[PDB]
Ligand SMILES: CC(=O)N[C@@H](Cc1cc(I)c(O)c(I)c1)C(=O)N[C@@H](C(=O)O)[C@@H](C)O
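This document starts with one chain, in the form deposited without the ligand, laid out as structure tokens.
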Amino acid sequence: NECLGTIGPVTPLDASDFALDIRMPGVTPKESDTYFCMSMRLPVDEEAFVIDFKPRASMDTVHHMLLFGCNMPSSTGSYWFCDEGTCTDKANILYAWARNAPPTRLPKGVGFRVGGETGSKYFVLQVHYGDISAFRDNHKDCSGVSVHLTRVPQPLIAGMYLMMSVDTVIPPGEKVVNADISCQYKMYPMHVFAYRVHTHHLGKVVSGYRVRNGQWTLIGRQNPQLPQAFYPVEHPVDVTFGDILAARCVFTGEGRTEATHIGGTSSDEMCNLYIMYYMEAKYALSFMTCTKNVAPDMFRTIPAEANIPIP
């Protein structure tokens, strides 16, 4: 999309509402597969609610976009290489845009709580650029995300339950290496409404479930080699005190000359499942994480689909 110039990144929509435009500061990439990061401080200090996102991406040029909330961006820079890092504190993902898979909108009444004494103070925008051909004219790029904000407290609060591995090791050439993650859910009821999967080049399939009374209810299952958007949850799923959250990533070792562990770089791996949920405002909590496998044996009775790659 076009660069902002004189009009500025902030448009008031109403007394309470306003739109914030988060855009690359006229960047020109020089190599393939480049990853650019930038930040915007929230213009208000008081608690606000992120209630809608617009993609402003030049269709020919961008592979994916990601927006985070965090309090300490990795750079004071105008922009920077995301390989350097997104946030020093916890980067809370709010939005994912992908090319061949258009995002679905937040349910009405559901909003991310930001700012205030406790919420995110900064947005961080990650723009993955793919084919650099369109930059034959050396032109500046200003792609990114417009964001709808409000002071009106939402009845439902969006959050993230991040499941990720930490201890996986993928022996070179090993047919199948399973990364299991499991945690017992201890908060008020959450309703999952979307998921994103993330591995690096070695993941084959990723599946997350809710287990209750020993029975596996599918949250999401995706090929991580496909565009890694937030996908809608087919039938919405309540997770309740007592339930166990379980995810498995299937990896291969074939193609690799050396062992592969969890890490930041492309020659390392990751097994992340992002469960986007919403809760009743008065109960709600913005982020939860599982980096353990508390019920390893329970995986014996995992459904078989969690082990076969999608059609």
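In case it trips you up, residue 1 is the first one in the sequence shown, and so on.
Here the subject shifts to the form solved in complex with the ligand, a form of this protein not shown in this document.
Of the candidates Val44, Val27, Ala57, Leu285, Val44 is the one whose heavy atoms come within 4.5 Å of the ligand in the deposited complex; the others do not.
Checked against the ligand in the deposited complex, the candidates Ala229, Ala194, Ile181, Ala91 yield a single residue with a heavy atom inside 4.5 Å, and that residue is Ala91. Here the chain stands alone, but in the deposited complex its contact with the ligand, taken as any heavy atom within 4.5 Å, falls in 160-168 among 134-142, 117-125, 173-181, 160-168. The ligand is not shown here, but in the deposited complex it comes within 4.5 Å of a heavy atom of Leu13. At the 4.5 Å threshold, heavy atoms of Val147 reach the ligand in the deposited complex. A residue is said to contact a partner when one of its heavy atoms sits within 4.5 Å of a partner heavy atom; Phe36 fails this definition for the ligand in the deposited complex, lying far away.
At least one heavy atom of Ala48 is located within 4.5 Å of the ligand in the deposited complex. Of the residues in 263-278, those that come within 4.5 Å of the ligand in the deposited complex through at least one heavy atom are, in sequence order, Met270, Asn272, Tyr274.
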